[PDB]
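Report on one structure; see the data block that follows.
Chain naming here is simple, since letters A, B, ... match the order of the sequence lines and numbering starts at 1 in each. Basis for what follows: all heavy atoms, side chains included, without hydrogens, waters or symmetry-related copies.
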Amino acid sequence: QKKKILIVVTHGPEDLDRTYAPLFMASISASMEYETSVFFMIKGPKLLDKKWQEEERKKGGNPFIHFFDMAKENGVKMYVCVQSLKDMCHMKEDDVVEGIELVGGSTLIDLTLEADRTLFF
Amino acid sequence: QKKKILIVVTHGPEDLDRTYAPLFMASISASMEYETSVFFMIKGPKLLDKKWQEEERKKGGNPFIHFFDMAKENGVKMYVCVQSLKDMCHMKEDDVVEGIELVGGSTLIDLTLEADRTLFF
Amino acid sequence: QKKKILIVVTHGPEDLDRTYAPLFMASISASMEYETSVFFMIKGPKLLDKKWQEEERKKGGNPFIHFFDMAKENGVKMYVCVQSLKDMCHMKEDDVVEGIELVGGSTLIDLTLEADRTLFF
Ligand SMILES: [Cl-]
């Protein structure tokens, strides 16, 4: 049975330095053939804003965008906490980039129980 | 056998945004019938100060207070690291709101080993 | 079989308050006869800079240095993420204090899987 790694991202662009590592780690994990998921919450959802990502892609040089894309290429599954998205980040569900599963906080409990190990950032 | 969830809170009012989520998560966990505990340390103990909580209750509108109370209503067990309380936060043991167990740091090691999963904030 | 505790340190001197606890925790864990390791990453590697540590030892009074030394006396194994060291912290490998194992990020995945429990700071 394949082992499962969950990575929790709780910072946004206000602290970008804390957002690179987790996504690079997600690619590393995936490359080692672990089924790897990332869960965005608290300010994490701001990293998934369509307009912010488009801005950063156009500017270039954003390491979060680089590692986000690498994680996606490596098959990393991604989730965003809707209570964080709406109530903490003041985003709409439609503001989230495609391919991220919108879930409630209960899903974090399920995902951490289902994973072999969870990393918190 | 009932499963056990531990949530570690390491921020205080200096970063309130990082304190809501963990306590909301504790209520969610409890509502799913997991035995749920919260462990306050580093600046976390400041959230448990009697005078601060009374101030915030009187002002209203503090989401930490809301989620703290909900967690308590849902039977969430709470612990505070005495070394953090005294040496980091400069609080007295008597400054802690009632119903929180005052423990040493060794207890975090026991609690994380005894829990099925631990969440870190 | 002896149980294994891993502690992850992600802050540096920019947030010293978040660096004391983890190292004190590492000594506590070791004193309880758990095989204990600390993994430094993100800004954590700055805590391991030779010149910074020498400065702080000469000034005195730095609690991180105190708890770092206690952890070492208690046999705590230490690792530093080379991608963090170089790319986030702009340090050279030679800038790291002796006795820390320089490793890639894949090693965090191995270490967290091999440990019974992991603490994240
Ligand atoms: Cl922080």
Side-chain angles (χ1 to χ4, degrees), chain A residues 3-9 18 20-38 67 71 76 112 115-121, chain B residues 6 8 108-109 112-113 115-120, chain C residues 3-12 18-19 21-45 47-48 67-68 71-72 74-76 78-89 93 96-121:
Chain A
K3 292 178 182 292
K4 294 173 192 182
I5 297 295
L6 177 63
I7 291 162
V8 179
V9 175
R18 321 226 121 244
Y20 310 150
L23 273 290
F24 187 29
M25 288 301 323
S27 269
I28 293 178
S29 179
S31 86
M32 297 164 82
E33 304 179 16
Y34 293 114
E35 295 187 15
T36 305
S37 300
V38 180
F67 291 124
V76 171
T112 197
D116 293 277
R117 297 289 184 263
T118 304
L119 310 199
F120 291 88
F121 299 101
Chain B
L6 177 63
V8 179
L108 176 60
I109 297 304
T112 197
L113 284 165
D116 293 277
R117 297 289 184 263
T118 304
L119 310 199
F120 291 88
Chain C
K3 292 178 182 292
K4 294 173 192 182
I5 297 295
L6 177 63
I7 291 162
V8 179
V9 175
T10 66
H11 292 85
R18 321 226 121 244
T19 74
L23 273 290
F24 187 29
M25 288 301 323
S27 269
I28 293 178
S29 179
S31 86
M32 297 164 82
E33 304 179 16
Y34 293 114
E35 295 187 15
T36 305
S37 300
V38 180
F39 192 93
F40 299 87
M41 62 179 300
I42 312 189
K43 290 293 205 329
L47 295 165
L48 307 181
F67 291 124
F68 178 86
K72 289 192 75 61
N74 283 123
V76 171
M78 297 182 193
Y79 299 89
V80 65
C81 185
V82 285
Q83 296 101 315
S84 295
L85 175 73
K86 298 179 102 178
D87 294 338
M88 168 65 61
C89 297
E93 292 180 352
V96 180
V97 293
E98 283 169 60
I100 317 284
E101 196 177 334
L102 279 61
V103 300
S106 57
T107 297
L108 176 60
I109 297 304
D110 288 342
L111 288 164
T112 197
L113 284 165
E114 288 166 6
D116 293 277
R117 297 289 184 263
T118 304
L119 310 199
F120 291 88
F121 299 101

Taking the side chain as every heavy atom from C-beta outward, state whether [X] and [Y] have any atom pair closer than 4.5 Å.
X      : Y      : result
C:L108 : A:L119 : yes
A:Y20  : C:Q83  : no
A:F121 : A:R18  : no
A:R117 : C:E114 : no
C:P45  : C:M88  : no

If every non-hydrogen atom of [X] is compared with every non-hydrogen atom of [Y], which pair is closest and at what distance?
X      : Y      : answer
C:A26  : C:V38  : CB-CG2, 3.7 Å
C:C89  : C:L85  : CB-O, 3.4 Å
C:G105 : A:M25  : O-CE, 3.3 Å
C:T118 : C:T112 : OG1-OG1, 2.7 Å
A:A30  : A:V76  : CB-CG2, 3.9 Å

Spacing of [X] atom [atom1] and [Y] atom [atom2] [to the nearest 0.5 Å]:
X     : Y      : atom1 : atom2 : value
C:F39 : C:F120 : CZ    : CZ    : 10.0 Å
C:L47 : C:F40  : CG    : CZ    : 6.0 Å
C:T36 : B:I109 : OG1   : CD1   : 7.0 Å
C:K72 : C:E98  : NZ    : CD    : 9.5 Å
C:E33 : C:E35  : CD    : CD    : 11.0 Å
C:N74 : C:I28  : CG    : CD1   : 10.0 Å

Strictly distance-based, threshold 3.5 Å: is any side-chain N or O of C:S37 a donor or acceptor partner for the main-chain N or O of C:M78?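 Here the side-chain-to-backbone pair does not exist.
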My understanding is that only residues two or more places apart in sequence, or in another chain, count here; which of them pass ring pair (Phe, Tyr, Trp, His ring centres under 6.0 Å) with A:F67? A:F24
With side chain to side chain contact (heavy atoms under 4.5 Å, CB included) as the criterion, how do B:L113 and C:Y34 come out once you've worked through the C-alpha distance, each side chain's angles and the decisive distance to 0.1 Å? CA-CA 11 Å; B:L113 284 165; C:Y34 293 114; 3.2 Å; yes
